[PDB]
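Let's start with one chain on its own, the form solved without this ligand, as structure tokens.
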């Protein structure tokens, strides 16, 4: 038919948050739900598809890629333990990796497809959603608001969950640059590659490129200021920098690309603000991601943006427009998949359940799948020290015995616990080293339960592990007193 369809809830963007939102509303609460996305499976032209950034061009494939990359390390380090093979025969075949990543991704797409053909009151619509009015979502053939209309969807409640998009700086020859999106689809691993940025994506990808580089290859990461990974634990920022360098990656600090042009042979000639130069085969910009509001036509209903660009929301995910809600990266609070998932469930429960619920944005466990990986939950010391007269820091940082054998002496495992010293409350835990992301999950539960240093300490360690460092620390290495760092209390 040529008639519009009517829903309790339309969700725009079928990603981490939107999927959880939709599924919950239908299966839990018996609501009729519509979900809109631009593409049924991963890749060009739109990259994100059904399943979101996570599944298609994010969490899932990067983690498979980082996992592939860790074999570089494993193969070398096995020698310490008696493994002998022909080192000269060793090749890292990127196309195989990328083909296997694509098959895995596509299965997830296909199963999502399955589910929406199956579940009562959960319908999928292919196209570009925008807001026509308070209770009408329009689905057009492209982002152009003048493209043809495929559907009009009537909605009592509209959820906005279109996520984010890579930020590209406006510099000469920016068109010779890629983002993470294109990185996932490179026909060949680059011989020379520059990853611009000192954050999650740059540091994770550098690790990937570094393992898969052809012979004579070089990965370079540039960062515009002095120390990468602002927002993370200072000891950890400095350590991951040592460790990345130790594994063959050049970290250029205080350097920022000013322009890019093509050499005669087609490679990329980068000029930094400092005037320094660098030739690479690929320049990947990873300088941030921004909420995807531009195509929603929010102007039509009057949904307000933050000064920043995200949809403004209250703690309950509600926009200034009564029945229109936003979640996930589109709000630009915390950009994480399981955060987006939690926001979706809390929204749905609130709107369609009998009992309001808000997502807790503090104490969120999270990771960097760098080589080696970070795992963190809670406040860094310098932030705690601005909010508490007395702050204790417990630090353990040592090369693990397995790594005096493996030959990777530079692989210090770091475990840091941050306390309000007045009362023992654990404010933050920061880890670096193998297993950090896994160790950290349960630490999330601890912080929720208002854990204290003595709670960890009284817990009997599992031995031999890295994790047990968290449960053998009773004496602070240092303190901050009025925001002042000191070895001892006066």
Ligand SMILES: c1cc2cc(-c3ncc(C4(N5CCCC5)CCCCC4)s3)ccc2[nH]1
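Positions refer to the first chain, counted from 1. Think of the rigid core as the biggest set of C-alphas that the two forms share within 1.5 Å after superposition.
- For the pair 326 to 334 and 264 to 272, rigid core superposition yields a higher RMS C-alpha distance in 9 other deposited structures of this protein in 264 to 272.
- In terms of root mean square C-alpha deviation after superposing on the rigid core in 9 other deposited structures of this protein, the stretch standing farther out between 248 to 256 and 352 to 360 is 352 to 360.
- Between 384 to 392 and 287 to 295, the higher mean Cα B-factor belongs to 384 to 392.
- Here the stretch with the larger average CA B-factor, out of 208 to 216 and 300 to 308, is 300 to 308.
- Of the candidates 163, 199, 275, 129, it is 275 whose Cα B-factor is highest according to the PDB record.
- Between the residues 141, 86, 233, 281, it is 86 that shows the highest Cα B-factor in the PDB record.
- In the PDB entry, a CA B factor belonging to the highest third of its chain's modelled residues is recorded for residue 225.
- The entry lists a Cα temperature factor for residue 237 that places it in the middle third of the chain's modelled residues.
- Among the modelled residues of its chain, residue 60 has a C-alpha B-factor that falls in the lowest third according to the deposited record.
- For residue 255, the recorded CA temperature factor ranks within the middle third of the chain's modelled residues.
- Per-chain ranking of the deposited C-alpha B factor places residue 325 in the lowest third.
Another form exists, solved in complex with this ligand; not displayed. Remarks below refer to it.
- Segments offered: 311 to 319, 145 to 153, 185 to 193, 384 to 392. Contacting this ligand in the deposited complex at heavy atom distances within 4.5 Å is 185 to 193.
- Out of the listed residues 172, 302, 114, 275, 114 is the one that sits within 4.5 Å of this ligand in the deposited complex by at least one heavy atom.
- This ligand is not shown here, and in the deposited complex it never comes within 4.5 Å of any heavy atom of residue 323.
- Mapping the unseen interface onto this chain, residue 19 counts among the residues with a heavy atom inside 4.5 Å of this ligand in the deposited complex.
- Contact check for residue 44: a heavy atom falls within 4.5 Å of this ligand in the deposited complex.
- In the deposited complex, this ligand lies farther than 4.5 Å from every heavy atom of residue 279.
- The partner is not shown here, and in the deposited complex the stretch 264 to 293 never reaches within 4.5 angstroms of this ligand through any heavy atom.
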